[PDB]
């Protein structure tokens, strides 16, 4: 199903009209609050003293309806950025008036047009209105894909449409929104209602709207082609955009009169529903990540904190991770023990950080698949989980598993290990301190011993998301640095964003590590070719890992293990959004830092401009040892 409404600039009987559109199958209505042609004078007499009423009464609908069904529209004559002072001053007063009436009715949204370059004064007034009174109203900026000037039929004899292309010129519509939203200091209550023309522009200018808080898409009736049997439809490239927009879950807005008069009006709507019906159905991954889209989370710290029961339970339901782990041990067995040794040689396996013990069961399944014998140690620091392990142990596993209720860095092993099996990986691989944990544990691995995983690698990519930048911005808390939220990573199912370059590797760790002076601190410089005008809001983190040989796990979008929802991506925000021009290189610098107590990250952007070094000394974010 689609959430969509009818746009009208003419309403005779509000009672009939709202019924008529609801009958047609529309969820809401976009209408004016005052008559569009009813220009009002606020300054000079006699026009100033026009007797009321100034508009129709609020009594005509129930509060229920005003709150749910009606989206107000600023009278088209209101022009706060006029060249004429008198119009400027009147528009100011008029705008405040109309916005106040909108808020008085308690409308969920109110439409305002971005149809020219200069909207400085329009912004100020709205901003002033936003900081006056206490209301929860949203504001939709009507901004078109292509400027009306760049759509005109080339029919002016002495002013032809310049046939040459301009990369930046054709993106001018985004720059209108950008200037406007920046002036309003990224208010969460200012969104985009994107108008779609008949002719879609080049793919690049469509793409800049990625990461933008698009709440609505506006479709003029005219843009709809008619088919073999007199029905409104859309092109293939228009369908593409619609499908892109459906994933972003925007509301749709139909504007203009029916130009396919022979059939009913709900025909435009029917086709939209039909397009929503036909959408490629959600995969195994998307049926799990449903509610988590663009939702910021704190990173887990399973060292200094014990994980809750349900946390384990949910992540234990992964259809792939344990299947991949089972195979990675299965291959390591067949390699370490020859066929003639299948009864003389019992291998010693050590599950470091066993959790509730699914990797113990996966170790047991790997044995009775490779027909080899194994001794098991289930080491776990979380005493609450150890309760589950010792219960699994007594009821099922028996003497084969030797549960150890301690930290691996601390545990004194009775015997050395053939294979150590561990899943201590975060979204950025090393961020849950898997390097440090296995280091204090590799002393009780045999000299020829195998560590699973063998290695892992973190990846980074620059993102543009004005949406996610505002989410972080909203994470300011009392009793701490007012910018602390920018100096910490977030686990998030990234959704409304734009990947500006290809993910490149960042940090890599190998296990075991026989380097004489073992060191886990890092410093890495990355360079990202960017080929669009954009605004950088941070860096997206992913990881890959090698469990054994070719058996691998990845959350990197290119090599993502299919159906594996165990990890969402990480986000490293940056304090100030950086403007990036087409054909420029983003240069980022990451440092992994640690002392004896805690490990943390520090980052900075060096090109095209410099940012501040983020989270220095781990002042805002650390992972404790």
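Numbering follows the first chain given and starts at 1. The term rigid core refers to the maximal set of C-alpha atoms that superpose within 1.5 Å between the two forms.
Relative to the shown model and aligned on the rigid core, the C-alphas in 6 other deposited structures of this protein deviate most, among 162 to 170 and 404 to 412, for 404 to 412. Superposition on the core shows that, in 6 other deposited structures of this protein, the C-alpha atoms drift more in one of 319 to 327 and 550 to 558; this is 319 to 327.
306 to 314 and 336 to 344 differ in mean CA B-factor, and the higher of the two is recorded for 336 to 344. Between 228 to 236 and 151 to 159, it is 228 to 236 that carries the larger average Cα temperature factor according to the deposited entry. Considering 134, 478, 188, 73 together, the PDB entry gives 134 the largest C-alpha B factor. Residue-level inspection of the entry shows that, of 399, 119, 457, 465, 399 has the top Cα B-factor. In the PDB entry, a CA B factor belonging to the middle third of its chain's modelled residues is recorded for residue 35. Per the PDB record, residue ranking by Cα B-factor puts residue 605 in the lowest third of the chain. For residue 59, the recorded CA B-factor ranks within the middle third of the chain. Only modelled residues enter the ranking. Among all modelled residues in its chain, residue 194 ranks in the lowest third by Cα B-factor.
Residue-level temperature factors show residue 44 in the highest third of its chain, judged at the C-alpha atom.
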